[PDB]
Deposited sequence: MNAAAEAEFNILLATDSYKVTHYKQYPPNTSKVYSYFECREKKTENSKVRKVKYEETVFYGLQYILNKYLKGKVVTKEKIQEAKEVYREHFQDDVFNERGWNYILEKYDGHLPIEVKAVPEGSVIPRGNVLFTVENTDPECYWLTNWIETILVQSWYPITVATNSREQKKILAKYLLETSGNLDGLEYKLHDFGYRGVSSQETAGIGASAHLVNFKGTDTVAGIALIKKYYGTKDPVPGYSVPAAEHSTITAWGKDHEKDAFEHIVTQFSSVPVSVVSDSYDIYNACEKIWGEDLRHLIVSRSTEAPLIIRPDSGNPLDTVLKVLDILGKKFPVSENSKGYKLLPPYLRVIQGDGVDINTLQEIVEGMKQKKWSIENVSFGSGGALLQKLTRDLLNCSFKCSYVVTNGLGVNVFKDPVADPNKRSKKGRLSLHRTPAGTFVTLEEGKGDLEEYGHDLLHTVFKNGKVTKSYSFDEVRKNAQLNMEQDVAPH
């Protein structure tokens, strides 16, 4: 597209504020003290934006002329950009050290770094700060999404004895809830790192093009109804659609919006009586998944379940929690976020309902309403070479610590007792902990190391 304008405008200017005789600026990324993040997504932005030849006689021309109308002034580093076109044929001379994608590393720890390879390109490092920082996203989607799984995991386990079907308990509805198209895709791929069910198709295009999966396919879905494929039959024909949709999909599992008009009549009257037969006559492989989109995730699940307990044969597992007949289940697809999720399963089990009769779906809570601040994703410079000798750097606002930056050449190590540790001031060169863990993944325009979305899983997974 144009890296020359994939940066925060005021940077086009930074190349003239660095102390003079500076040959190296080394920057690092992190999630400043959710206490362990899933580092996923850097490998996308790299291939799709940095790798390869990225500077051209034409882009240097587009940039200025633009960063000219913009600034009402010629400040753009047109000189130092051709250096890059003339010498490395438009390949950025920067090294990028990161952690294996999917890695679940605690907070305040180094995840990736950026330093320039050529002393004439000292200005480049931070130029790419921006584009590279938008990882706070794939990461937060993944992290926050993975935290809901633990919640799901421990409630299923305690209420059922196992994790059967865990990976299909949170369904991403995000697509219409996101801002871009390019984004719905990136975020859908940050759920699949954890679950397999997704309606955002764009999510997979990404996976198999930037990460690759050897498996059958990264995500899936089933046929369901929406509000129009039901209200289009008429006010007084909810039952006609209900029925026309579960003979069509007699076939496989099928989800049907049951809250067009009162979702207790649809449950009791229509499913528990009229149509009670086009259902018990279904298979455990093709359940009739029921879908409320009402008011109050908790209050509703509990009641709908109460309606269904009364209209169908309820059983009870070796744990004491009630279960529905294998051909009937429920999904909360509206009003579900990490905070409310916990509320539901906890209420479900005080009532004694296997966390299994119910799966969920989250919209924008899952794909939008995520911020860089949620995890303090930050990108700062920790080391610079001025006149040949290096000096550790950082910031320390008085009106606020925690903003305090790490100093010098950082290293990410594995403590003899389990976790990690980021070593500062180049102290990692004394093999006390042995073997930095961040790998080079980018060096002078080429992607020196990628991971398949299969490893990404493995890495970011619950034990």
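- Comparing the deposited sequence with the modelled residues shows gaps at 1 to 8, 42 to 53, 484 to 491, with numbering starting at 1.
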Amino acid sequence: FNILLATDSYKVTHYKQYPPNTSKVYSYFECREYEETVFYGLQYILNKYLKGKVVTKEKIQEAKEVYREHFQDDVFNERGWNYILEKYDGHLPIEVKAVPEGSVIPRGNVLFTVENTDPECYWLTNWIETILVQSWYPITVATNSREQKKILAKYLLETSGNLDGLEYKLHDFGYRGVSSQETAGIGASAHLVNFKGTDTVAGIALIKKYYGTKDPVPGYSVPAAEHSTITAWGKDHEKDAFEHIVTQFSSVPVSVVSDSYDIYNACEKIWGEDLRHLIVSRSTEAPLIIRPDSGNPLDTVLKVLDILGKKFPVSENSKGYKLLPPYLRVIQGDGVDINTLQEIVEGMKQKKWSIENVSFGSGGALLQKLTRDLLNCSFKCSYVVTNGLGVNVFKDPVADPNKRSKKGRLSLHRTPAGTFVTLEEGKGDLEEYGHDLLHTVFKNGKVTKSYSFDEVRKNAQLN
From here on, numbers count along this sequence of modelled residues.
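- When the other compared entries with both flanking residues are checked, residue 397 is unmodelled in at least a third.
- Stretches 53 to 61 and 35 to 43 differ in mean CA B factor, with 53 to 61 having the higher one.
- Averaged over Cα atoms, the B-factor as recorded in the entry is higher for 244 to 252 than for the other of 244 to 252 and 323 to 331.
- Among 343, 89, 95, 164, the highest C-alpha B-factor in the deposited entry belongs to 89.
- As recorded in the entry, 215 carries the highest CA temperature factor of 306, 129, 158, 215.
- The deposited CA B-factor of residue 419 belongs to the middle third of values across its chain.
- Sorting the modelled residues of the chain by their CA temperature factor places residue 291 in the middle third.
- Sort the chain's modelled residues by C-alpha temperature factor and residue 311 lands in the middle third, per the entry.
- Compared with the other modelled residues of the chain, the Cα B-factor recorded for residue 220 ranks in the highest third.
- Among the modelled residues of the chain, residue 122 sits in the highest third by CA temperature factor in this PDB entry.
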